[PDB]
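Working notes for the structure below.
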There are 2 protein chains.
Amino acid sequence: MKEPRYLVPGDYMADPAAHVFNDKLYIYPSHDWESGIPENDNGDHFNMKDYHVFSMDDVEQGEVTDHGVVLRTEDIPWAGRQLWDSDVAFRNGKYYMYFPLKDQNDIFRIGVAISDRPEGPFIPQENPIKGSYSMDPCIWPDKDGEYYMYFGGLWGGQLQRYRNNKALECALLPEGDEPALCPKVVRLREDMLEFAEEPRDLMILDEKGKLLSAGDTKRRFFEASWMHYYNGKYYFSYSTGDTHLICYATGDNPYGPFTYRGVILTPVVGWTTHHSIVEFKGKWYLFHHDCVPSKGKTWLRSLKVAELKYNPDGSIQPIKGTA
Amino acid sequence: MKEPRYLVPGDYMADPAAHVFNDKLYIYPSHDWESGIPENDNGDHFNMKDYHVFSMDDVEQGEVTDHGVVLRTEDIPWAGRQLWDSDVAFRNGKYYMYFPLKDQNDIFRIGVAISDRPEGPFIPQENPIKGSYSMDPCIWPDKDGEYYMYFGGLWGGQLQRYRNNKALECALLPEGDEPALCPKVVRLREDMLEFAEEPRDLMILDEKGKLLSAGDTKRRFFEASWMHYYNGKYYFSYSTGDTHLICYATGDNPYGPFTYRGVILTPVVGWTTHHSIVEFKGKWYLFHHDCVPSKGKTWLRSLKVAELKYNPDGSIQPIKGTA
Ligand SMILES: [Ca+2]
Ligand SMILES: [Ca+2]
């Protein structure tokens with residue numbers, strides 16, 4: 001594809017998460033809809049309430065299939081509000097969907113929904129994962145045989161309310177030269193229902209190996225954690241929020257510190273930018289979204305796909321955002 | 001009794017929750033112990049980890065039976081730390097123990113533990129109650145056949161972190177003429193596993209029908225909620241924290257407004273004061289605690305009991321504290 005292709009024109013789907021199951025490419029995006037709520041700093045206008053599942057056979061010219069709703073807030077027993085960016089992993093012959101959702105105390109937790117097939121209806125557990133907090137989870141099937149979750153999100157994601165997995169009496173956002181908050185990493189146990197250990201900082205560093213500062217808002221982690229593997233190297237990509245960038249870093253292990261490299265996606269139409277990187281049929285793709293069909297409305301996002309290409313030195317060729 | 005009696009002089013127990021099951025008197029206190037943790041503002045020195053159960057047939061001079069440990073943190077699947085003031089309720093031929101415990105995020109939640117007998121080991125549920133927060137729960141079997149929970153606790157109890165059951169970005173403690181934070185009340189459902197509704201405030205008014213102010217620390221709610229019914233009137237008693245008082249209020253229904261009456265017990269030796277009021281064999285008793293055996297060590301408390309009498313107008317005779 002020479003030009004970015006919009007996949008679902010009929011509805012507003014955001015925060016795409018693409019995976020390859022049974023030689024098919026499945027997408028697990030959020031579902032944006034027009035709630036009657038005006039914009040807000042706490043992100044109340046992001047009032048998604050369900051999940052659809054899309055699948056393709058050919059990303060570039062292929063037909064896109066809507067499998068319909070597979071999960072909604074009503075079906076979740078511990079549900080409060082706001083189903084945000086989710087992710088799916090395949091293990092033990094089953095598919096585990098990890099969704100963020102404020103509990104009945106308006107605290108962001110992460111729940112698990114299970115299905116026997118990647119597109120089939122997901123049945124949620126009655127309670128959120130023990131110790132879970134914040135949002136935007138990413139589930140990475142590492143080569144060591146284990147499955148790792150990467151989560152975290154500034155501001156509306158309540159990540160600043162916590163220090164070392166423990167909630168603060170009062171939220172605290174680091175400023176200026178102070179080290180910025182890191183995204184979190186935690187290993188999941190085999191049944192994929194709970195954490196196997198305590199989550200820890202996924203350190204993102206300079207080229208000098210120094211932790212990114214809070215003022216460095218063009219490189220500092222904000223949200224949208226994602227992890228993939230190419231040419232014997234790890235790639236941790238993410239969103240920078242108020243600078244509207246999708247950056248990426250590199251490392252040699254799922255835990256070890258990741259060193260910032262560059263920018264994958266320049267600012268797009270809309271305040272938010274969210275993504276997922278996956279290889280399909282020999283080519284890499286950067287699934288993401290912008291607010292072009294909604295004519296600039298941030299809370300109404302349409303998912304799209306652009307071809308991602310690497311340089312021989314391992315770096316990623318920057319992709320132009322719409323804006 | 002012509003002088004208050006200690007019940008477990010061999011160990012350190014606090015926050016007594018006295019009930020009458022099978023013509024016996026059962027107490028469900030917290031188990032203080034020297035954890036090696038020094039005193040600090042967040043109350044880490046209150047590091048209780050297990051529950052004992054005590055029973056008597058005669059309060060004044062009868063033998064107190066130590067039924068041993070019936071629940072410990074290590075058995076709770078969602079365990080974090082600090083098992084604080086709990087209470088038990090009898091329904092459906094079973095005994096439900098409602099215990100407060102910080103989750104793996106140091107957020108105070110309330111969980112349910114079930115036993116077939118008032119002293120037998122309570123098997124805890126895998127997850128805390130949905131929407132639960134703060135601590136010091138008190139279950140009340142009303143005459144309507146329903147069951148209500150009265151929870152809430154300031155400062156260490158994390159009540160100020162919440163407004164209308166929703167977590168604040170930053171904790172807020174009201175001051176001066178502002179209306180003080182009210183304790184909470186919620187009707188449990190039939191299986192006693194979850195809430196049947198949204199928790200509401202239990203308003204405590206003055207003699208002018210006006211909400212108690214935060215500056216009025218000698219009367220406003222702090223912790224240690226307790227509800228009992230005597231001669232057509234309800235009696236909501238509680239602790240006042242830094243004024244070391246236990247006061248009580250009167251109402252006509254479990255939800256309705258309660259009007260402040262007076263002080264049940266003046267400051268005792270130690271900072272904390274906690275209690276439970278129950279009638280046993282024609283006599284009313286005020287179960288509580290102080291730190292006389294521990295020579296003033298606030299977090300090493302010892303249970304004690306004193307007879308409580310009423311005036312013909314319905315008021316409660318003030319009991320003199322050790323301090
Ligand atoms: Ca994502
Ligand atoms: Ca109590």
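Identifiers in this document derive from the order of the structure tokens: chains are assigned A, B, ..., residues are numbered from 1 separately in each chain, and ligands are numbered from 1 in order of occurrence.
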
For this session: Just the residues within 6 Å of residue 166 of chain A, please, counting only C-alpha atoms, with nothing from its chain fewer than 4 positions along; format it as a PyMOL selection string.
Result: (chain A and resi 162) or (chain B and resi 105-106)

For this session: Enumerate as a PyMOL selection string the residues belonging to chain A that approach chain B to within 6 Å, with only C-alpha atoms taken into account.
Result: chain A and resi 104-106+131+165-167+169-171

Any chance you can output those residues with N, CA, C and O atoms as a PDB file, in the first residue's frame?
ATOM      1  N   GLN A 104     -16.309  -0.035  40.163  1.00  0.00           N
ATOM      2  CA  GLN A 104     -17.439   0.704  40.710  1.00  0.00           C
ATOM      3  C   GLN A 104     -16.984   1.809  41.663  1.00  0.00           C
ATOM      4  O   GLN A 104     -17.803   2.499  42.268  1.00  0.00           O
ATOM      5  N   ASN A 105     -15.670   1.975  41.779  1.00  0.00           N
ATOM      6  CA  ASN A 105     -15.090   3.070  42.543  1.00  0.00           C
ATOM      7  C   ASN A 105     -14.358   4.047  41.626  1.00  0.00           C
ATOM      8  O   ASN A 105     -13.549   4.856  42.086  1.00  0.00           O
ATOM      9  N   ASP A 106     -14.651   3.958  40.331  1.00  0.00           N
ATOM     10  CA  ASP A 106     -13.994   4.770  39.304  1.00  0.00           C
ATOM     11  C   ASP A 106     -12.469   4.646  39.312  1.00  0.00           C
ATOM     12  O   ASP A 106     -11.759   5.589  38.968  1.00  0.00           O
ATOM     13  N   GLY A 131      -4.330  -6.691  41.953  1.00  0.00           N
ATOM     14  CA  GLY A 131      -3.185  -5.800  41.926  1.00  0.00           C
ATOM     15  C   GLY A 131      -3.129  -4.924  40.690  1.00  0.00           C
ATOM     16  O   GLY A 131      -2.309  -4.010  40.605  1.00  0.00           O
ATOM     17  N   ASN A 165       3.429   0.392  42.263  1.00  0.00           N
ATOM     18  CA  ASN A 165       2.175  -0.361  42.321  1.00  0.00           C
ATOM     19  C   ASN A 165       1.258   0.002  43.495  1.00  0.00           C
ATOM     20  O   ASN A 165       0.167  -0.554  43.630  1.00  0.00           O
ATOM     21  N   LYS A 166       1.694   0.939  44.332  1.00  0.00           N
ATOM     22  CA  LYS A 166       0.918   1.346  45.500  1.00  0.00           C
ATOM     23  C   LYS A 166       0.298   2.725  45.298  1.00  0.00           C
ATOM     24  O   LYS A 166       0.999   3.690  44.992  1.00  0.00           O
ATOM     25  N   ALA A 167      -1.016   2.814  45.477  1.00  0.00           N
ATOM     26  CA  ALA A 167      -1.738   4.068  45.288  1.00  0.00           C
ATOM     27  C   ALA A 167      -1.277   5.144  46.263  1.00  0.00           C
ATOM     28  O   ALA A 167      -1.011   4.866  47.429  1.00  0.00           O
ATOM     29  N   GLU A 169      -1.846   8.801  48.378  1.00  0.00           N
ATOM     30  CA  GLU A 169      -2.909   9.571  49.006  1.00  0.00           C
ATOM     31  C   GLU A 169      -3.342  10.670  48.048  1.00  0.00           C
ATOM     32  O   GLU A 169      -4.530  10.956  47.909  1.00  0.00           O
ATOM     33  N   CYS A 170      -2.363  11.271  47.379  1.00  0.00           N
ATOM     34  CA  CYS A 170      -2.624  12.297  46.379  1.00  0.00           C
ATOM     35  C   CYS A 170      -1.775  12.042  45.138  1.00  0.00           C
ATOM     36  O   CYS A 170      -0.586  11.739  45.243  1.00  0.00           O
ATOM     37  N   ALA A 171      -2.392  12.158  43.965  1.00  0.00           N
ATOM     38  CA  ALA A 171      -1.692  11.936  42.704  1.00  0.00           C
ATOM     39  C   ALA A 171      -0.520  12.898  42.543  1.00  0.00           C
ATOM     40  O   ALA A 171      -0.567  14.032  43.021  1.00  0.00           O
TER      41      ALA A 171
END

Problem set entry | Non-local contacts of segment 252-267 of chain B (9 Å; only C-alpha atoms; under 5 positions in same chain excluded) as a PyMOL selection string | chain B and resi 140+142+148+185-186+200-210+212+219-220+227+232-237+243-247+272-273+286+308+315-323

For this session: Enumerate residues in contact with ligand 1: an atom-to-atom distance of at most 7 Å, counting only C-alpha atoms and all ligand atoms. Format the result as a PyMOL selection string.
Result: chain A and resi 15-17+85-87+136-138+224-226+274-276

Would you put the residues from that selection into a file with C-alpha atoms, as an mmCIF file, in the first residue's frame?
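Result went into part13.cif, see below:
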data_model
loop_
_atom_site.group_PDB
_atom_site.id
_atom_site.type_symbol
_atom_site.label_atom_id
_atom_site.label_comp_id
_atom_site.auth_asym_id
_atom_site.auth_seq_id
_atom_site.Cartn_x
_atom_site.Cartn_y
_atom_site.Cartn_z
ATOM 1 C CA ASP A 15 -6.874 1.934 19.490
ATOM 2 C CA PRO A 16 -6.360 -0.999 17.098
ATOM 3 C CA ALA A 17 -4.568 -4.132 18.285
ATOM 4 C CA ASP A 85 -7.763 0.017 24.767
ATOM 5 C CA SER A 86 -7.658 -3.786 25.072
ATOM 6 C CA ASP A 87 -5.340 -6.550 23.830
ATOM 7 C CA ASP A 136 -3.745 0.363 27.969
ATOM 8 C CA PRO A 137 -2.476 -3.203 28.477
ATOM 9 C CA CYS A 138 -0.288 -4.951 25.907
ATOM 10 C CA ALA A 224 -0.357 3.049 24.212
ATOM 11 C CA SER A 225 2.303 0.482 25.148
ATOM 12 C CA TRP A 226 3.240 -2.017 22.437
ATOM 13 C CA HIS A 274 -2.738 4.806 19.135
ATOM 14 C CA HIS A 275 -1.208 1.863 17.302
ATOM 15 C CA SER A 276 -0.109 -1.758 16.983
#

After fit on chain A (all C-alpha, ordered pairs), chain B as a tab-separated table (two decimals) with C-alpha atoms, in the first residue's frame:
chain	number	residue	atom	x	y	z
B	1	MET	CA	-0.16	0.45	-0.48
B	2	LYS	CA	0.69	3.87	-1.88
B	3	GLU	CA	-1.68	5.63	0.52
B	4	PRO	CA	-2.99	4.70	4.03
B	5	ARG	CA	-6.22	2.68	4.07
B	6	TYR	CA	-9.14	2.95	6.49
B	7	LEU	CA	-10.57	-0.39	7.60
B	8	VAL	CA	-13.99	0.37	9.08
B	9	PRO	CA	-15.37	3.44	7.26
B	10	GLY	CA	-18.89	2.53	8.38
B	11	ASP	CA	-18.26	3.00	12.10
B	12	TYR	CA	-15.94	4.69	14.60
B	13	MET	CA	-13.15	2.41	15.86
B	14	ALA	CA	-9.85	3.24	17.57
B	15	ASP	CA	-6.83	1.83	19.42
B	16	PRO	CA	-6.25	-1.08	17.01
B	17	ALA	CA	-4.65	-4.23	18.41
B	18	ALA	CA	-3.56	-6.35	15.45
B	19	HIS	CA	-2.65	-10.02	15.82
B	20	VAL	CA	-2.22	-13.00	13.49
B	21	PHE	CA	-4.27	-16.06	14.44
B	22	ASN	CA	-4.78	-19.03	12.10
B	23	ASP	CA	-3.09	-17.26	9.17
B	24	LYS	CA	-5.76	-14.56	9.50
B	25	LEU	CA	-5.29	-10.99	10.72
B	26	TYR	CA	-7.42	-10.05	13.73
B	27	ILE	CA	-7.94	-6.53	15.08
B	28	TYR	CA	-9.25	-5.71	18.55
B	29	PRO	CA	-10.10	-1.98	18.59
B	30	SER	CA	-12.10	0.29	20.89
B	31	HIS	CA	-15.61	1.32	19.83
B	32	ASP	CA	-16.15	5.09	19.77
B	33	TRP	CA	-19.71	6.42	19.75
B	34	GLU	CA	-21.57	9.67	20.37
B	35	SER	CA	-22.59	9.20	24.01
B	36	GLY	CA	-23.99	12.71	24.39
B	37	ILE	CA	-21.27	13.48	26.92
B	38	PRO	CA	-19.47	16.78	26.20
B	39	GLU	CA	-15.66	17.06	26.22
B	40	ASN	CA	-13.82	17.55	29.53
B	41	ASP	CA	-10.42	17.13	31.20
B	42	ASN	CA	-11.09	13.77	32.88
B	43	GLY	CA	-11.91	12.21	29.51
B	44	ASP	CA	-15.53	11.22	30.11
B	45	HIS	CA	-16.21	11.80	26.40
B	46	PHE	CA	-14.17	8.66	25.78
B	47	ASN	CA	-17.20	6.64	26.85
B	48	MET	CA	-16.72	3.36	24.98
B	49	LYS	CA	-18.94	0.52	26.20
B	50	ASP	CA	-18.37	-2.45	23.86
B	51	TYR	CA	-15.76	-4.36	21.85
B	52	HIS	CA	-16.01	-5.34	18.19
B	53	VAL	CA	-13.68	-7.80	16.46
B	54	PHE	CA	-12.48	-7.37	12.88
B	55	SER	CA	-10.61	-9.81	10.64
B	56	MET	CA	-8.95	-9.76	7.22
B	57	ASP	CA	-7.05	-12.09	4.90
B	58	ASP	CA	-5.51	-9.22	2.95
B	59	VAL	CA	-4.59	-5.92	4.61
B	60	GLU	CA	-4.14	-3.74	1.53
B	61	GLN	CA	-7.42	-4.38	-0.33
B	62	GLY	CA	-9.01	-7.41	1.32
B	63	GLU	CA	-12.53	-7.45	2.74
B	64	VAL	CA	-12.80	-6.51	6.42
B	65	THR	CA	-15.14	-8.75	8.42
B	66	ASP	CA	-17.16	-7.29	11.29
B	67	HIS	CA	-17.57	-10.16	13.77
B	68	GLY	CA	-19.87	-7.96	15.85
B	69	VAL	CA	-19.93	-7.13	19.55
B	70	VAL	CA	-17.92	-9.69	21.54
B	71	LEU	CA	-17.97	-7.91	24.90
B	72	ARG	CA	-19.93	-5.07	26.50
B	73	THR	CA	-19.79	-3.36	29.90
B	74	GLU	CA	-23.23	-4.67	30.86
B	75	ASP	CA	-21.86	-8.23	30.82
B	76	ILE	CA	-18.95	-7.53	33.17
B	77	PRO	CA	-19.91	-8.39	36.79
B	78	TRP	CA	-17.57	-5.75	38.26
B	79	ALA	CA	-18.49	-3.17	35.64
B	80	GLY	CA	-18.15	0.53	36.28
B	81	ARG	CA	-17.65	2.47	33.04
B	82	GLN	CA	-15.37	3.20	30.06
B	83	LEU	CA	-13.95	0.19	28.19
B	84	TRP	CA	-10.62	1.47	26.88
B	85	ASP	CA	-7.73	0.06	24.81
B	86	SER	CA	-7.54	-3.74	25.12
B	87	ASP	CA	-5.37	-6.56	23.76
B	88	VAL	CA	-5.71	-10.32	23.28
B	89	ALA	CA	-3.25	-13.19	23.79
B	90	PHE	CA	-3.35	-16.81	22.61
B	91	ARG	CA	-2.33	-19.50	25.10
B	92	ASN	CA	-3.51	-22.91	26.34
B	93	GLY	CA	-5.66	-23.21	23.22
B	94	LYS	CA	-7.70	-20.20	24.34
B	95	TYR	CA	-7.83	-16.46	23.67
B	96	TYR	CA	-7.54	-14.16	26.69
B	97	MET	CA	-8.79	-10.59	26.24
B	98	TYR	CA	-7.25	-8.12	28.68
B	99	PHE	CA	-9.48	-5.07	29.00
B	100	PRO	CA	-9.20	-1.88	31.09
B	101	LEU	CA	-12.30	-0.67	32.92
B	102	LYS	CA	-12.92	1.67	35.84
B	103	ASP	CA	-14.42	-0.27	38.74
B	104	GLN	CA	-17.48	0.81	40.73
B	105	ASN	CA	-15.15	3.32	42.41
B	106	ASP	CA	-13.94	4.85	39.13
B	107	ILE	CA	-10.54	3.24	39.70
B	108	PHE	CA	-9.02	1.80	36.53
B	109	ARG	CA	-8.56	-1.96	36.76
B	110	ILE	CA	-7.77	-4.66	34.20
B	111	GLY	CA	-9.91	-7.76	33.71
B	112	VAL	CA	-9.74	-10.99	31.73
B	113	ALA	CA	-12.25	-12.27	29.17
B	114	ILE	CA	-11.96	-15.75	27.67
B	115	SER	CA	-13.05	-17.18	24.31
B	116	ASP	CA	-12.19	-20.37	22.42
B	117	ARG	CA	-11.84	-18.46	19.15
B	118	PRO	CA	-10.15	-15.19	18.07
B	119	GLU	CA	-13.46	-13.59	17.05
B	120	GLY	CA	-16.02	-15.34	19.24
B	121	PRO	CA	-17.66	-13.54	22.20
B	122	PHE	CA	-15.32	-13.20	25.18
B	123	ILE	CA	-16.85	-14.21	28.52
B	124	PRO	CA	-15.42	-11.90	31.22
B	125	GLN	CA	-14.23	-12.98	34.67
B	126	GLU	CA	-16.32	-11.83	37.63
B	127	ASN	CA	-13.51	-9.79	39.18
B	128	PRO	CA	-10.57	-7.74	37.84
B	129	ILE	CA	-6.96	-8.93	38.08
B	130	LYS	CA	-5.49	-8.59	41.58
B	131	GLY	CA	-3.06	-5.68	41.90
B	132	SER	CA	-4.05	-4.35	38.48
B	133	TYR	CA	-4.25	-0.62	37.80
B	134	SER	CA	-4.05	2.00	35.03
B	135	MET	CA	-4.86	0.93	31.47
B	136	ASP	CA	-3.71	0.24	27.88
B	137	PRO	CA	-2.41	-3.30	28.44
B	138	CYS	CA	-0.29	-5.11	25.85
B	139	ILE	CA	0.43	-8.83	26.13
B	140	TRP	CA	3.73	-10.14	24.76
B	141	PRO	CA	4.44	-13.84	24.11
B	142	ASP	CA	8.23	-13.86	24.51
B	143	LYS	CA	10.56	-16.47	23.00
B	144	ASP	CA	11.14	-17.84	26.51
B	145	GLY	CA	7.60	-19.22	26.47
B	146	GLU	CA	6.37	-16.73	29.05
B	147	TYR	CA	3.78	-13.95	28.76
B	148	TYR	CA	4.31	-10.34	29.81
B	149	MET	CA	1.87	-7.44	30.19
B	150	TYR	CA	2.88	-3.87	29.37
B	151	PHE	CA	0.39	-1.44	30.89
B	152	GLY	CA	0.28	2.21	31.90
B	153	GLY	CA	-1.25	5.54	30.93
B	154	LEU	CA	-0.83	9.10	32.16
B	155	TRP	CA	-3.52	11.57	33.25
B	156	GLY	CA	-6.78	9.80	32.39
B	157	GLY	CA	-4.97	6.49	32.71
B	158	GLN	CA	-4.35	7.21	36.41
B	159	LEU	CA	-0.72	6.01	36.34
B	160	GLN	CA	0.49	9.01	38.35
B	161	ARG	CA	-1.73	7.93	41.25
B	162	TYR	CA	0.65	5.03	41.85
B	163	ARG	CA	4.25	4.52	42.95
B	164	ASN	CA	5.61	0.97	42.92
B	165	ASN	CA	2.10	-0.40	42.36
B	166	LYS	CA	0.91	1.31	45.55
B	167	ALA	CA	-1.77	4.01	45.47
B	168	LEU	CA	-0.72	7.49	46.58
B	169	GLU	CA	-2.87	9.65	48.86
B	170	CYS	CA	-2.59	12.33	46.17
B	171	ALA	CA	-1.64	11.91	42.50
B	172	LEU	CA	1.81	13.18	41.52
B	173	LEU	CA	2.96	14.22	38.04
B	174	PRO	CA	6.76	14.69	37.80
B	175	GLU	CA	8.09	17.80	36.03
B	176	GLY	CA	11.23	19.12	34.36
B	177	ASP	CA	14.48	17.30	35.09
B	178	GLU	CA	12.70	14.70	37.23
B	179	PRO	CA	12.64	11.20	35.69
B	180	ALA	CA	9.37	10.71	33.81
B	181	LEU	CA	7.05	7.89	34.85
B	182	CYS	CA	7.93	4.60	33.16
B	183	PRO	CA	5.38	2.13	31.77
B	184	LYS	CA	4.91	-1.12	33.68
B	185	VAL	CA	5.79	-4.74	32.94
B	186	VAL	CA	4.58	-7.89	34.69
B	187	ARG	CA	4.89	-11.59	33.86
B	188	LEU	CA	1.49	-13.28	33.84
B	189	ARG	CA	1.08	-16.76	35.31
B	190	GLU	CA	0.18	-19.98	33.47
B	191	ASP	CA	-3.62	-19.80	33.72
B	192	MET	CA	-3.33	-16.16	32.60
B	193	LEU	CA	-5.87	-15.10	35.25
B	194	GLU	CA	-3.58	-13.27	37.68
B	195	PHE	CA	-0.11	-11.75	37.86
B	196	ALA	CA	2.76	-14.14	38.59
B	197	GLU	CA	4.84	-11.40	40.20
B	198	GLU	CA	5.01	-7.75	41.23
B	199	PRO	CA	4.79	-5.26	38.33
B	200	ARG	CA	8.08	-3.45	37.65
B	201	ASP	CA	9.05	-0.36	35.68
B	202	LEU	CA	10.01	-0.62	32.02
B	203	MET	CA	12.76	2.00	31.89
B	204	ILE	CA	13.10	4.09	28.74
B	205	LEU	CA	16.55	5.69	28.49
B	206	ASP	CA	18.14	8.22	26.16
B	207	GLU	CA	21.35	7.68	24.18
B	208	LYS	CA	23.36	8.38	27.35
B	209	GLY	CA	21.70	5.55	29.26
B	210	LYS	CA	19.84	8.16	31.32
B	211	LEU	CA	16.12	8.08	32.18
B	212	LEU	CA	13.91	10.32	30.05
B	213	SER	CA	12.83	13.46	31.90
B	214	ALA	CA	9.24	14.60	32.39
B	215	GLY	CA	10.02	17.84	30.58
B	216	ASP	CA	10.96	15.81	27.52
B	217	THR	CA	7.36	15.37	26.37
B	218	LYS	CA	8.40	14.56	22.80
B	219	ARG	CA	9.98	11.29	23.92
B	220	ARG	CA	8.68	10.26	27.36
B	221	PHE	CA	5.96	7.63	27.79
B	222	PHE	CA	2.28	8.58	27.92
B	223	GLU	CA	0.13	5.64	26.79
B	224	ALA	CA	-0.40	3.00	24.09
B	225	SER	CA	2.25	0.44	25.08
B	226	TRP	CA	3.25	-2.02	22.38
B	227	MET	CA	6.00	-4.64	22.21
B	228	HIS	CA	7.25	-6.60	19.21
B	229	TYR	CA	10.39	-8.46	18.15
B	230	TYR	CA	12.26	-7.92	14.88
B	231	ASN	CA	15.60	-9.38	13.80
B	232	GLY	CA	17.29	-9.96	17.15
B	233	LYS	CA	16.00	-6.68	18.58
B	234	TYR	CA	13.01	-5.71	20.70
B	235	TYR	CA	10.88	-2.72	19.72
B	236	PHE	CA	8.89	-0.97	22.44
B	237	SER	CA	6.57	1.58	20.85
B	238	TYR	CA	4.22	4.00	22.62
B	239	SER	CA	2.29	7.28	22.46
B	240	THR	CA	3.61	10.62	23.73
B	241	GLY	CA	0.24	12.23	24.40
B	242	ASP	CA	0.30	16.02	24.11
B	243	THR	CA	3.08	15.96	21.52
B	244	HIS	CA	0.97	13.59	19.41
B	245	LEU	CA	3.92	11.35	18.55
B	246	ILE	CA	4.38	7.62	18.51
B	247	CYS	CA	7.98	6.75	19.31
B	248	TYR	CA	9.87	3.48	19.70
B	249	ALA	CA	12.78	2.09	21.71
B	250	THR	CA	15.10	-0.92	21.45
B	251	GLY	CA	16.07	-3.58	23.98
B	252	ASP	CA	17.38	-7.13	24.29
B	253	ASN	CA	14.85	-8.63	26.73
B	254	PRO	CA	11.24	-8.09	27.94
B	255	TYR	CA	12.29	-6.62	31.31
B	256	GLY	CA	15.51	-4.84	30.41
B	257	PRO	CA	16.05	-1.11	29.76
B	258	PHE	CA	14.92	0.29	26.41
B	259	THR	CA	16.80	3.05	24.61
B	260	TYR	CA	14.85	5.71	22.70
B	261	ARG	CA	15.42	5.54	18.95
B	262	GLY	CA	13.10	7.85	17.02
B	263	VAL	CA	9.62	8.77	15.84
B	264	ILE	CA	7.50	6.22	13.96
B	265	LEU	CA	4.57	8.51	13.10
B	266	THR	CA	4.16	12.30	13.23
B	267	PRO	CA	0.93	13.86	14.64
B	268	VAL	CA	-2.30	12.68	13.00
B	269	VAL	CA	-5.65	14.47	12.79
B	270	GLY	CA	-6.97	14.42	16.35
B	271	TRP	CA	-5.43	14.56	19.80
B	272	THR	CA	-5.01	10.86	20.54
B	273	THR	CA	-2.69	8.48	18.72
B	274	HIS	CA	-2.61	4.72	19.23
B	275	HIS	CA	-1.29	1.70	17.36
B	276	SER	CA	-0.12	-1.89	17.01
B	277	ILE	CA	2.70	-3.27	14.87
B	278	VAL	CA	2.53	-6.73	13.29
B	279	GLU	CA	4.03	-8.55	10.29
B	280	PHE	CA	1.54	-10.16	7.91
B	281	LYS	CA	2.48	-12.08	4.75
B	282	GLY	CA	5.97	-10.63	4.37
B	283	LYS	CA	4.94	-7.04	5.05
B	284	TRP	CA	4.97	-4.95	8.23
B	285	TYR	CA	2.02	-2.66	8.92
B	286	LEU	CA	1.41	0.24	11.30
B	287	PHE	CA	-2.23	0.02	12.34
B	288	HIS	CA	-3.47	3.28	13.86
B	289	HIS	CA	-6.24	5.88	13.66
B	290	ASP	CA	-7.21	9.52	13.14
B	291	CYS	CA	-10.28	11.77	12.99
B	292	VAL	CA	-10.43	12.63	9.29
B	293	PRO	CA	-13.83	11.00	8.65
B	294	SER	CA	-15.21	12.69	11.78
B	295	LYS	CA	-13.82	16.05	10.63
B	296	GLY	CA	-11.52	16.46	13.63
B	297	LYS	CA	-13.70	15.05	16.41
B	298	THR	CA	-11.14	13.68	18.89
B	299	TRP	CA	-13.37	11.02	20.47
B	300	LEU	CA	-14.84	9.78	17.18
B	301	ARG	CA	-11.90	7.94	15.63
B	302	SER	CA	-11.47	5.77	12.54
B	303	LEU	CA	-9.00	2.91	12.06
B	304	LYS	CA	-6.30	3.09	9.40
B	305	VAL	CA	-3.21	1.17	8.29
B	306	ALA	CA	0.13	2.00	6.64
B	307	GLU	CA	3.14	-0.06	5.57
B	308	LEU	CA	6.12	0.06	7.93
B	309	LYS	CA	9.68	-0.45	6.67
B	310	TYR	CA	13.06	-0.85	8.35
B	311	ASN	CA	16.51	0.46	7.51
B	312	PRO	CA	19.39	-2.06	7.40
B	313	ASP	CA	20.64	-0.66	10.73
B	314	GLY	CA	17.40	-1.80	12.37
B	315	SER	CA	15.79	1.63	12.64
B	316	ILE	CA	12.19	2.30	11.57
B	317	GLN	CA	11.33	4.60	8.66
B	318	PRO	CA	9.25	7.58	9.87
B	319	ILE	CA	5.65	7.67	8.64
B	320	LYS	CA	4.10	11.07	7.96
B	321	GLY	CA	0.93	11.87	9.91
B	322	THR	CA	-2.20	13.55	8.58
B	323	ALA	CA	-1.80	16.59	10.83

Exercise. As JSON, numbers by chain, which residues of segment 171-276 of chain B does DSSP assign to strand (DSSP E)?
Worked result: {"B": [184, 185, 186, 187, 200, 201, 204, 205, 223, 224, 225, 226, 227, 228, 229, 230, 233, 234, 235, 236, 237, 238, 239, 246, 247, 248, 249, 250, 251, 258, 259, 260, 261, 262, 263, 264, 265, 276]}

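Of the residues in segment 84-284 of chain A, those that DSSP places in helix (DSSP H, G or I) on the basis of the backbone are residues 155, 156, 157, 159, 160, 161, 241, 242 and 243 of chain A.
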